[PDB]
């Protein structure tokens, strides 16, 4: 089903200046399309989705078309208008039910967790293997429930910001390390995670060194933490286990303007990072990969976004599709 080297692209269910691309006009170089976004209302628990073009039937059909071409179409939950809060079981239930309705209604292949707010580790919540914060406990439970409700082909991805994942290396509490219990809690269902390596400023690698976003060293350092695992919150006895390599992707801006706070990296520089991550071929960078000979099963790249890419002469899709095809 899913290839071993993927390009995952976010698809704007909205016009933000980059315009709208009809599903059928989406470049075939994308393996997975993350429809953005499923959003919530006042109750911040019931997820709603209405296609930005066409009737419900038309959209269902365009999705079926893409799926007929072997593409996966996933519903991304989050964005600025998709805040989800699950303070109790009642909220979790509305969330689960609303999500399942949408998947059934439009035939989505799975869901993408792209929540960038409302997610905190409460005081006393110190064990990523056993979270105690309701939001996090309930989110894990809801995700497991939804996953189990569908067949073997159900796709589950996540796109947390670095603070929620790699940030766990520096601290564990509040947002810092907050997705770790989520990842750990659903790792048996997780298809892949593509952390947002952008709008992130700088990040500390397992070597305790600070790296700037948008540089090859940074990409390697941040990905290596998931590929190898790392000690959490300065505790050598609290190791977050490595994910499967085929569960690890990197999320990148398709163009400089797709990440106004920085993070874009040129394909030429990104290919150096990829060659190192995947093949264990260094490029004279400062960061030293945990695995000398690389992680060949590294899963691929995610991008914000399909719409930005199209507006940028398809630089992202063309460059990386060719690169991965060349493997």
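Residue numbers count along the first chain shown, from 1.
**Q.** Stretch exceeding the other in mean C-alpha B-factor - 87 to 95, 179 to 187
**A.** Per the PDB entry, the higher value belongs to 87 to 95.
Q: Output the stretch having the higher mean C-alpha B factor in the entry; the candidates are 130 to 138 and 203 to 211.
A: The entry gives the higher C-alpha B-factor average to 203 to 211.
Q: In terms of CA temperature factor as recorded, identify the highest of 57, 274, 301, 258.
A: Reading the PDB entry, the winner on C-alpha B-factor is 57.
Q. Among 100, 166, 174, 247, which residue carries the highest C-alpha B-factor recorded in the PDB entry?
A. Checking the PDB record, the top C-alpha B-factor among 100, 166, 174, 247 is at 100.
**Q.** Where the record places residue 266 (Cα B-factor, split into thirds across the chain)
**A.** Within its chain, residue 266 is a lowest-third residue by C-alpha B-factor, going by the deposited values.
Q. According to the PDB entry, is the CA B factor of residue 152 in the bottom, middle or top third of its chain, that is, lowest, middle or highest?
A. Highest third - that is where residue 152 ends up once the chain's C-alpha B-factors are sorted.
(Q) Using the temperature factors of the C-alpha atoms in this entry, rank residue 79 within its chain: lowest, middle or highest third. (A) Ranked within chain, residue 79 CA B lands in the highest tercile.
Q: Classify residue 197 as lowest, middle or highest third according to the C-alpha B-factor given in the PDB entry, relative to its own chain.
A: Ranked within chain, residue 197 CA B lands in the lowest tercile.
Q) Which third of the chain holds residue 315 when residues are ordered by C-alpha B factor: lowest, middle or highest? A) Answer is lowest: the recorded C-alpha B-factor places it there.
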